[PDB]
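Remarks on the structure that follows.
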Amino acid sequence: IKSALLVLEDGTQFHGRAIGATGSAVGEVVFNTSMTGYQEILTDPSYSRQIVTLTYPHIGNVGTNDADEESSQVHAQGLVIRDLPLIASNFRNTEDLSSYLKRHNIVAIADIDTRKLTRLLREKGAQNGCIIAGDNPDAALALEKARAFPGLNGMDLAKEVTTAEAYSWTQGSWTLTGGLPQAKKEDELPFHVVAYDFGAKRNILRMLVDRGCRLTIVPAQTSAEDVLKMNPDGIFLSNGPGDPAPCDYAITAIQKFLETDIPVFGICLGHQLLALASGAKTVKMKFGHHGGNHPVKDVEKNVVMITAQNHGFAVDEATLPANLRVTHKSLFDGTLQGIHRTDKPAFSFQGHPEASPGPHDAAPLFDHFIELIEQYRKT
Amino acid sequence: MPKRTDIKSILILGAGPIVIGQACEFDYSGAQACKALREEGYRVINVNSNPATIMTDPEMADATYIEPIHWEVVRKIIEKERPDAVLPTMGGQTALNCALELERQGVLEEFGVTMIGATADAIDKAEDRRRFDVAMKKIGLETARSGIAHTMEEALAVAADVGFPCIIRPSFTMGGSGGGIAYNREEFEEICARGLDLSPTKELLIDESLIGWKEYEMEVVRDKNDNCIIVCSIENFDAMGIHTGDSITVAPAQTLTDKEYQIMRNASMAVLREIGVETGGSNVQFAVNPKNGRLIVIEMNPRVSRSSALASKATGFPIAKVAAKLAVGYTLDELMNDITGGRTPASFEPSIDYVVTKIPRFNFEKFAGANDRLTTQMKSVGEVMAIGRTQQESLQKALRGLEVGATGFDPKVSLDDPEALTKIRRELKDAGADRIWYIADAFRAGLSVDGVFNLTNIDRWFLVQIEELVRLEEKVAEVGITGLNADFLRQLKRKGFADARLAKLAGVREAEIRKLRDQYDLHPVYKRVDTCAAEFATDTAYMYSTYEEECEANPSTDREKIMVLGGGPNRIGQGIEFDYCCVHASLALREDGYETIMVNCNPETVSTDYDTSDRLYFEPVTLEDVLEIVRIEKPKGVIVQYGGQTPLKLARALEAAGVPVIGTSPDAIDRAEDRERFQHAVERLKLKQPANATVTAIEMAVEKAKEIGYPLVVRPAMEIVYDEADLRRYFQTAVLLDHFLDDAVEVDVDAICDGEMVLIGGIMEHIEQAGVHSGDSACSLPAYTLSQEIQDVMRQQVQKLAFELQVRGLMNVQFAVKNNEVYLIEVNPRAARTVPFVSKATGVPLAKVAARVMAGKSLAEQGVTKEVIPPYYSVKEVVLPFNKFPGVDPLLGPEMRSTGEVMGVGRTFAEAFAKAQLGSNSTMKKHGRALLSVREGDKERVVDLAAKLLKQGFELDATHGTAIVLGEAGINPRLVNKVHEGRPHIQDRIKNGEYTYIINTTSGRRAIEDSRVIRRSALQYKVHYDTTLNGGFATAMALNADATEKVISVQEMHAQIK
Ligand SMILES: Nc1ncnc2c1ncn2[C@@H]1O[C@H](COP(=O)(O)OP(=O)(O)O)[C@@H](O)[C@H]1O
Ligand SMILES: Nc1ncnc2c1ncn2[C@@H]1O[C@H](COP(=O)(O)OP(=O)(O)O)[C@@H](O)[C@H]1O
Ligand SMILES: O=c1[nH]cnc2c1ncn2[C@@H]1O[C@H](COP(=O)(O)O)[C@@H](O)[C@H]1O
Ligand SMILES: CC[N+](CC)(CC)CC
Ligand SMILES: NCCC[C@H](N)C(=O)O
Ligand SMILES: NCCC[C@H](N)C(=O)O
Ligand SMILES: [Cl-]
Ligand SMILES: [Cl-]
Ligand SMILES: [Cl-]
Ligand SMILES: [K+]
Ligand SMILES: [K+]
Ligand SMILES: [K+]
Ligand SMILES: [K+]
Ligand SMILES: [K+]
Ligand SMILES: [K+]
Ligand SMILES: [K+]
Ligand SMILES: [Mn+2]
Ligand SMILES: [Mn+2]
Ligand SMILES: [Mn+2]
């Protein structure tokens, strides 16, 4: 019997079985309601330092594949599920779940009451936790580790996941027919956008590429100055893990961009930064939004979108500078989801327009960005 | 955005009587729609010929019409109610068809009736398969290679193109009605002919085969704001080729990657947008090639369905309620989600933290020569649903709640049967109702998962799980009961294993296993359904059992709880009538102040609607499952008498296990059920029972038969034997012997007894004589021929029995009236399937009433003391599934075969009869040529009938003997030859449409067997036919009435009672 254990900051224990690597995992514990999309979710940099619990019982039904990786690696700290299926059963599968987990050296546990954990996290809020997988997983140790966990509040995680050097991205989206495309030639892209890598998802890039943008991915700490030197058609602010607030450099640089007429667009962490750089404040959510069935209303059009969410922090609406107009709101909880600079070509979104995994409902958000771009070039 | 202001009154088109492919799901949906429209302050009008519907309850709507769902009748209703709009998406295909007929007839225009929910164009765009194919092509969605055919010529050309096998699908049909798979020309011709004549647009779509591909469904919802959500995804366990309704299906989808899922999601929304559904739900179907994920759209149903009902139950998202409101201008964003205390909007996509499993319920055993292989045309009669934290756990619970005698994966074949691997291969390759159990037997036999895959095309994802259960079973059998340590036992439980199944394997009684669990403190916890994987709290108590850590039951200590036990999946004989009763008990006792707990697992019903009770446990209605709930609920009383056989069978054990079973005692019931005990009681009371006997051996019976006298009723497949030879005859082919009462009138009496008094609920007179099962008999309330005197004796006999048996709640007594003398057929110390009918006719809600009585409130206390004898005639007629099983002889007998019923209301029995008959989809005409071919005994009576028809202006035909007797009477019918007599023979004439009516009576096994042809031909050709002289008489009577003349609301009717 391959034992495994999960212990929460508060002393709550969950006994199950090991399905990943051998060892220990510590991080903030969250729950995600997506019934499909597990690989994409584990591979999203925004999950770095977090222990991901999946509410949907059977995780691994379709195994895994490269095309379904949202990044260079598994950022999730640990994986907590209810049931690891006997087999992966999908034409796109290249390796079973457990094997991928092991290959990615991830500590994972299965066979536990994810529902009770979910309800606990819902009612009491996020909690730090530790998963120990091995012959004789120590419960006290686990609890120690969880208690010790410094916590995500005030933690800059962007500088930790960002790229080392800048680079180009010209690869577009995947299609059932031909899989992932061959990166385009630079002359195949009208537009040139600079994307700050705060722990950016591949789907965002690919989608931008689908829209005619050749990209220049830059490290999280790049100076506005260095950027501007590049004569960008548009500037993009990626999603990413941790607290946005502590990211002074980003805020600083953005503010700078906001002096200029350069179009700015942000998603999730990007959205928060943009709000910070604009005078708004950020808060830590009780438990956040992590799932793919989240209704968000476009207040302007009075239309609802089913969205993919992944955030533990949010922009406080009652601290929004008058130059900051509310564009979208959560239909689940009234929390802020979109904003637009009344005075500048800049806007952002709390959710993941690029989905992956999740509904395509929010993808049009990208088009406004392209609009801005096109117009800026006119000028 | 809010509610529409231009509309004040709405007409809701009901589904009509229950049929294979169109069942209870429509009472659930219709009741929902009413509730939601009434809630929103609209004036509610509905038509629905099925009286055993909650939707037809008076208090549920403003104007309730239990009338034939005939466009002419609907027109009167409209003319009389002037509804502003009509909601046609909640009554199955009947509602769709009707809506479009009225539209076509220009009735809608005529009375300025606005069609809401789905527009006639959207409905046709979806129902007309030609149009649907075009639409797909427009939006670039892929469909299989197909061809439209309006004639057999047209059709054969397509077959030549697409090749065999090919799928035949009629436009304007559902539940695979009129369709099938054709493996050869002969099959092809047959299905097409049937389909062409069945299609309301006389059209068929014939498609190349995609058999074996994965099959999926998605329940979508769209609003006027273009907001659109996927409420539930469904993956079929059985692949493409077996209708979804005859398939084991699970929610959610299991083997699709997110990428594929999104494609499918988008496609689904595209579908509704192109068809034009903007204010309601719709079911969209797909086929996926597992080898490359190739997506193909199959069809879409612009309304609520059996899947939407399943989805609703599965997710906790009440689709029909929401859809109803969407029909009147509301948008999803404005509606609240019920289960999340309304703290969240309806505009969202549900997320579930468990697996939902549905298994169809079949009844092939009731259909002699029916082909029993599954195909594209539905054959199931019901369904069970179950929920578990795991697929294994979900599937096994469903199996044990299926009401077939399974306790899980019980073996079908033996291990040491050399031939087994043969039977197994067969059962896999060509699926029947038993396949699930064969899959397990195959694994026990050494077949690999790949081996199984290759024969069934069922995803290995599911297969591997069944194999694992097997290996586990083997372990259990190996280690035995001593090997059943708490760890292992818990593993088992968590995998869904039933005590019963472990018991069998371990070779012990089921109670033994339960004891063990009791010793180990091994009990399930209850999780709640919430639509959101627990992301938001719930104030609703809709739960399922599982073997996990935290329990969410949180039973209340505050109230007096009452449990009501449902009947599980529906089957022939155990229909909606029972659920109806169940629902009532809950509503009643809830209203009265009790905390009502409902226990059931039929996803189609109103009883499994969270709104029906205080607490709902969607569980298998088994001793095990029921005892666990009782353990924690610690209720005050349990009602076992209203869900049919399922809960009745449990009564004894429950009580012994300590359950506070209320109303008529288990023992009392046994007194009545038990042949011996009963007979013995009947005696004690000195009443009439037919001469009977219990035989062991053949010759034993031949002699005993001699005693009792012929004809006999032989019960082991129960047959009527007329002579020694016949007796013997049956024996080979083959113990209770009962003297058959020929030419007798069968009566049904429903009533309530509080131990203090007896309330006569209703005395119904069967049109068909004793010998035709009561369940398949048309009946009249009040009696239409029986004398008062004779009726008074019954009343008297009822009362004596009531007291003697110690009835405490409902009972039903069956009588036979022969020669002014009354005989006792049987006693049913419980709620009968006639209860809803009687309640609807008399205005008294017997189920409510008897419920209170069982719960301690006397009839007196209630104020229900006098027997209602309505100022009108109410006639109940049935609907039979013969059309679904062409190989069967479409003839009535002592065994029940009907799936549904209808009610007919009239100022005269003839009126009521004509209404009941039309409502039953009869094809009877008021003119033409009638064919008469009756048995000997009917020879005398047939003259009058022949006379009546002549009077009616019909022309007659008759078989030899029949013509003899007629001529001897001055009636010279036209002679026709029996098939074997040569041309021109009945078969030809029938086929050539020479008759509009047929009266065919037969008696005797071979005699029936030999005349099979006429009845089958009658059915295939659409000629209304009676198989009883009584039925024939009633039909003739109805010739004098006009069912489209007068219409009446239940409310109105009810108000006419004094
Ligand atoms: N080309 C095809 N090959 C194989 N099976 C098919 C094909 N088209 C449809 N089916 C099967 O026929 C069943 C019934 O078809 P459907 O279009 O849904 O008609 P209905 O409206 O009567 O439900 C499907 O659920 C599926 O199993
Ligand atoms: N002795 C009998 N004489 C005439 N008809 C009978 C007799 N016994 C039963 N029947 C017929 O058979 C039907 C079924 O018999 P019953 O004992 O009520 O069986 P079940 O348990 O299915 O109700 C009755 O509704 C009736 O028409
Ligand atoms: O084509 C047929 N073959 C055999 N029996 C038939 C056929 N048509 C009618 N019958 C039966 O013939 C009987 C009437 O026979 P008659 O007495 O000659 O009129 C009924 O019991 C019918 O079911
Ligand atoms: C499926 C219900 N019918 C078609 C709509 C056939 C009995 C009613 C006529
Ligand atoms: N399960 C009984 C209590 C339910 C509670 N309101 C919750 O949602 O946690
Ligand atoms: N109530 C049964 C339906 C009657 C049918 N026409 C028959 O006589 O067989
Ligand atoms: Cl139909
Ligand atoms: Cl293909
Ligand atoms: Cl058949
Ligand atoms: K566990
Ligand atoms: K109108
Ligand atoms: K359709
Ligand atoms: K299927
Ligand atoms: K379907
Ligand atoms: K009868
Ligand atoms: K009975
Ligand atoms: Mn259909
Ligand atoms: Mn279908
Ligand atoms: Mn009976």
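As shown in the structure tokens, the chain order sets the letters A, B, ...; within each chain, residues go from 1, and ligands are also counted from 1 in the order they appear.
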Got a sec to pull out which chain B residues are within 7 Å of chain A, counting only C-alpha atoms, and send them as JSON, numbers by chain? {"B": [225, 227, 254, 255, 256, 257, 258, 262, 290, 291, 292, 344, 345, 347, 348, 349, 350, 351, 352, 353, 354, 389, 390, 460, 461, 464, 533, 534, 535, 548, 549, 550]}
If we count only C-alpha atoms, what is near range 187-189 of chain A at a cut-off of 9 Å, once residues fewer than 5 positions away on the same chain are taken out, given as a list in words?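 So the residues in contact are residues 170, 209, 211, 212, 213 and 214 of chain A.
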Could the residues in this selection be written to a file with N, CA, C and O atoms, as a PDB file, in the first residue's frame?
```pdb
ATOM      1  N   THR A 170       5.678  33.061 -31.676  1.00  0.00           N
ATOM      2  CA  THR A 170       4.928  33.105 -32.937  1.00  0.00           C
ATOM      3  C   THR A 170       4.137  31.834 -33.263  1.00  0.00           C
ATOM      4  O   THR A 170       3.807  31.557 -34.419  1.00  0.00           O
ATOM      5  N   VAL A 209      -1.386  35.104 -31.153  1.00  0.00           N
ATOM      6  CA  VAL A 209      -0.753  34.759 -32.393  1.00  0.00           C
ATOM      7  C   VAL A 209      -1.838  34.529 -33.465  1.00  0.00           C
ATOM      8  O   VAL A 209      -1.699  34.889 -34.638  1.00  0.00           O
ATOM      9  N   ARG A 211      -4.488  35.994 -33.570  1.00  0.00           N
ATOM     10  CA  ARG A 211      -4.976  37.307 -33.909  1.00  0.00           C
ATOM     11  C   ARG A 211      -4.033  38.227 -34.698  1.00  0.00           C
ATOM     12  O   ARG A 211      -4.386  39.376 -34.926  1.00  0.00           O
ATOM     13  N   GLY A 212      -2.845  37.728 -35.114  1.00  0.00           N
ATOM     14  CA  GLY A 212      -1.869  38.498 -35.912  1.00  0.00           C
ATOM     15  C   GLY A 212      -0.763  39.164 -35.126  1.00  0.00           C
ATOM     16  O   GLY A 212      -0.064  40.034 -35.635  1.00  0.00           O
ATOM     17  N   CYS A 213      -0.616  38.746 -33.883  1.00  0.00           N
ATOM     18  CA  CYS A 213       0.400  39.343 -33.063  1.00  0.00           C
ATOM     19  C   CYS A 213       1.661  38.543 -32.994  1.00  0.00           C
ATOM     20  O   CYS A 213       1.647  37.369 -32.645  1.00  0.00           O
ATOM     21  N   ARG A 214       2.768  39.177 -33.300  1.00  0.00           N
ATOM     22  CA  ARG A 214       4.013  38.476 -33.105  1.00  0.00           C
ATOM     23  C   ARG A 214       4.405  38.903 -31.665  1.00  0.00           C
ATOM     24  O   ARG A 214       4.244  40.080 -31.245  1.00  0.00           O
TER      25      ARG A 214
END
```
Let me have all residues with an atom within 9 Å of ligand 4, counting only C-alpha atoms and all ligand atoms, laid out as a count of residues only. 30
Please give me, as a PDB file with N, CA and C atoms, in the first residue's frame, the residues lying within 8 Å of ligand 3 when counting only C-alpha atoms and all ligand atoms.
```pdb
ATOM      1  N   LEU B 932     -66.109  -8.859 -39.179  1.00  0.00           N
ATOM      2  CA  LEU B 932     -66.528  -9.621 -38.007  1.00  0.00           C
ATOM      3  C   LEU B 932     -66.071 -11.050 -38.094  1.00  0.00           C
ATOM      4  N   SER B 933     -65.312 -11.478 -37.111  1.00  0.00           N
ATOM      5  CA  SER B 933     -64.769 -12.829 -37.066  1.00  0.00           C
ATOM      6  C   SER B 933     -64.686 -13.169 -35.607  1.00  0.00           C
ATOM      7  N   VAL B 934     -65.734 -13.822 -35.119  1.00  0.00           N
ATOM      8  CA  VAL B 934     -65.823 -14.127 -33.705  1.00  0.00           C
ATOM      9  C   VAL B 934     -65.857 -15.595 -33.334  1.00  0.00           C
ATOM     10  N   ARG B 935     -65.515 -15.838 -32.114  1.00  0.00           N
ATOM     11  CA  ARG B 935     -65.528 -17.182 -31.687  1.00  0.00           C
ATOM     12  C   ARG B 935     -66.952 -17.564 -31.399  1.00  0.00           C
ATOM     13  N   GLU B 936     -67.107 -18.867 -31.341  1.00  0.00           N
ATOM     14  CA  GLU B 936     -68.343 -19.573 -31.083  1.00  0.00           C
ATOM     15  C   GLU B 936     -69.249 -18.904 -30.042  1.00  0.00           C
ATOM     16  N   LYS B 939     -70.849 -15.847 -31.000  1.00  0.00           N
ATOM     17  CA  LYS B 939     -71.740 -16.023 -32.107  1.00  0.00           C
ATOM     18  C   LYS B 939     -73.149 -15.495 -31.889  1.00  0.00           C
ATOM     19  N   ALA B 958     -67.449 -10.868 -43.188  1.00  0.00           N
ATOM     20  CA  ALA B 958     -67.421 -11.850 -42.148  1.00  0.00           C
ATOM     21  C   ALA B 958     -66.817 -13.141 -42.614  1.00  0.00           C
ATOM     22  N   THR B 959     -66.164 -13.798 -41.655  1.00  0.00           N
ATOM     23  CA  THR B 959     -65.560 -15.064 -41.908  1.00  0.00           C
ATOM     24  C   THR B 959     -66.701 -16.077 -41.915  1.00  0.00           C
ATOM     25  N   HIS B 960     -66.453 -17.178 -42.596  1.00  0.00           N
ATOM     26  CA  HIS B 960     -67.397 -18.259 -42.742  1.00  0.00           C
ATOM     27  C   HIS B 960     -68.440 -18.556 -41.657  1.00  0.00           C
ATOM     28  N   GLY B 961     -67.989 -19.002 -40.499  1.00  0.00           N
ATOM     29  CA  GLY B 961     -68.870 -19.347 -39.402  1.00  0.00           C
ATOM     30  C   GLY B 961     -69.688 -18.203 -38.898  1.00  0.00           C
ATOM     31  N   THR B 962     -69.020 -17.068 -38.835  1.00  0.00           N
ATOM     32  CA  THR B 962     -69.644 -15.857 -38.373  1.00  0.00           C
ATOM     33  C   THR B 962     -70.753 -15.491 -39.363  1.00  0.00           C
ATOM     34  N   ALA B 963     -70.458 -15.570 -40.655  1.00  0.00           N
ATOM     35  CA  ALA B 963     -71.430 -15.258 -41.660  1.00  0.00           C
ATOM     36  C   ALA B 963     -72.631 -16.192 -41.595  1.00  0.00           C
ATOM     37  N   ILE B 964     -72.341 -17.423 -41.181  1.00  0.00           N
ATOM     38  CA  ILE B 964     -73.396 -18.400 -41.069  1.00  0.00           C
ATOM     39  C   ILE B 964     -74.490 -17.891 -40.144  1.00  0.00           C
ATOM     40  N   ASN B 977     -62.353 -14.574 -47.036  1.00  0.00           N
ATOM     41  CA  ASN B 977     -61.654 -15.818 -46.714  1.00  0.00           C
ATOM     42  C   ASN B 977     -60.558 -15.636 -45.688  1.00  0.00           C
ATOM     43  N   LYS B 978     -60.370 -16.693 -44.924  1.00  0.00           N
ATOM     44  CA  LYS B 978     -59.319 -16.729 -43.954  1.00  0.00           C
ATOM     45  C   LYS B 978     -58.079 -16.850 -44.814  1.00  0.00           C
ATOM     46  N   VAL B 979     -56.905 -16.474 -44.301  1.00  0.00           N
ATOM     47  CA  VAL B 979     -55.687 -16.523 -45.088  1.00  0.00           C
ATOM     48  C   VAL B 979     -55.505 -17.888 -45.779  1.00  0.00           C
ATOM     49  N   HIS B 980     -55.676 -18.902 -44.965  1.00  0.00           N
ATOM     50  CA  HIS B 980     -55.543 -20.257 -45.445  1.00  0.00           C
ATOM     51  C   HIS B 980     -56.629 -20.750 -46.374  1.00  0.00           C
ATOM     52  N   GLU B 981     -57.684 -19.958 -46.517  1.00  0.00           N
ATOM     53  CA  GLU B 981     -58.803 -20.297 -47.391  1.00  0.00           C
ATOM     54  C   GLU B 981     -58.589 -19.782 -48.829  1.00  0.00           C
ATOM     55  N   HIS B 985     -58.563 -12.807 -49.030  1.00  0.00           N
ATOM     56  CA  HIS B 985     -58.584 -13.144 -47.617  1.00  0.00           C
ATOM     57  C   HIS B 985     -58.436 -11.904 -46.765  1.00  0.00           C
ATOM     58  N   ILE B 986     -58.790 -12.012 -45.476  1.00  0.00           N
ATOM     59  CA  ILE B 986     -58.762 -10.892 -44.523  1.00  0.00           C
ATOM     60  C   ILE B 986     -57.497 -10.069 -44.622  1.00  0.00           C
ATOM     61  N   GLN B 987     -56.370 -10.781 -44.660  1.00  0.00           N
ATOM     62  CA  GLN B 987     -55.060 -10.136 -44.730  1.00  0.00           C
ATOM     63  C   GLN B 987     -54.976  -9.138 -45.884  1.00  0.00           C
ATOM     64  N   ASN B1000     -62.797  -8.956 -33.581  1.00  0.00           N
ATOM     65  CA  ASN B1000     -62.188 -10.282 -33.627  1.00  0.00           C
ATOM     66  C   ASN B1000     -62.045 -10.899 -32.280  1.00  0.00           C
ATOM     67  N   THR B1001     -62.832 -11.957 -32.023  1.00  0.00           N
ATOM     68  CA  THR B1001     -62.756 -12.635 -30.773  1.00  0.00           C
ATOM     69  C   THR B1001     -62.309 -14.036 -31.016  1.00  0.00           C
ATOM     70  N   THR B1002     -61.514 -14.561 -30.085  1.00  0.00           N
ATOM     71  CA  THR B1002     -60.937 -15.901 -30.168  1.00  0.00           C
ATOM     72  C   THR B1002     -60.739 -16.399 -28.751  1.00  0.00           C
ATOM     73  N   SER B1003     -60.840 -17.692 -28.624  1.00  0.00           N
ATOM     74  CA  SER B1003     -60.670 -18.385 -27.358  1.00  0.00           C
ATOM     75  C   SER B1003     -59.940 -19.695 -27.650  1.00  0.00           C
ATOM     76  N   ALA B1007     -56.103 -21.797 -31.354  1.00  0.00           N
ATOM     77  CA  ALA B1007     -57.069 -20.968 -32.059  1.00  0.00           C
ATOM     78  C   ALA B1007     -56.542 -19.517 -32.171  1.00  0.00           C
ATOM     79  N   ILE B1008     -55.947 -19.051 -31.089  1.00  0.00           N
ATOM     80  CA  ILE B1008     -55.366 -17.727 -31.043  1.00  0.00           C
ATOM     81  C   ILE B1008     -54.140 -17.692 -31.974  1.00  0.00           C
ATOM     82  N   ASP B1010     -53.418 -19.442 -34.330  1.00  0.00           N
ATOM     83  CA  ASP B1010     -53.759 -19.587 -35.732  1.00  0.00           C
ATOM     84  C   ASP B1010     -54.311 -18.371 -36.400  1.00  0.00           C
ATOM     85  N   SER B1011     -54.977 -17.539 -35.562  1.00  0.00           N
ATOM     86  CA  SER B1011     -55.601 -16.307 -36.014  1.00  0.00           C
ATOM     87  C   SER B1011     -54.748 -15.076 -35.791  1.00  0.00           C
ATOM     88  N   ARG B1012     -53.524 -15.325 -35.353  1.00  0.00           N
ATOM     89  CA  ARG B1012     -52.565 -14.275 -35.062  1.00  0.00           C
ATOM     90  C   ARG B1012     -52.495 -13.227 -36.159  1.00  0.00           C
ATOM     91  N   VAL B1013     -52.554 -13.699 -37.385  1.00  0.00           N
ATOM     92  CA  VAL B1013     -52.478 -12.901 -38.578  1.00  0.00           C
ATOM     93  C   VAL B1013     -53.421 -11.735 -38.721  1.00  0.00           C
ATOM     94  N   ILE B1014     -54.632 -11.927 -38.294  1.00  0.00           N
ATOM     95  CA  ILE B1014     -55.615 -10.877 -38.445  1.00  0.00           C
ATOM     96  C   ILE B1014     -55.380  -9.689 -37.529  1.00  0.00           C
ATOM     97  N   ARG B1015     -55.035 -10.006 -36.276  1.00  0.00           N
ATOM     98  CA  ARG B1015     -54.733  -9.010 -35.270  1.00  0.00           C
ATOM     99  C   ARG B1015     -53.416  -8.272 -35.626  1.00  0.00           C
TER     100      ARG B1015
END
```
So which residues touch range 244-252 of chain B within 10 Å, counting only C-alpha atoms, skipping near sequence neighbours fewer than 4 positions away, as a PyMOL selection string? (chain A and resi 35-36+56) or (chain B and resi 20-21+175-176+215-218+232-240+285+306-307+310-311+314-315+351-362+374-387+391+394-395+432-433+436)
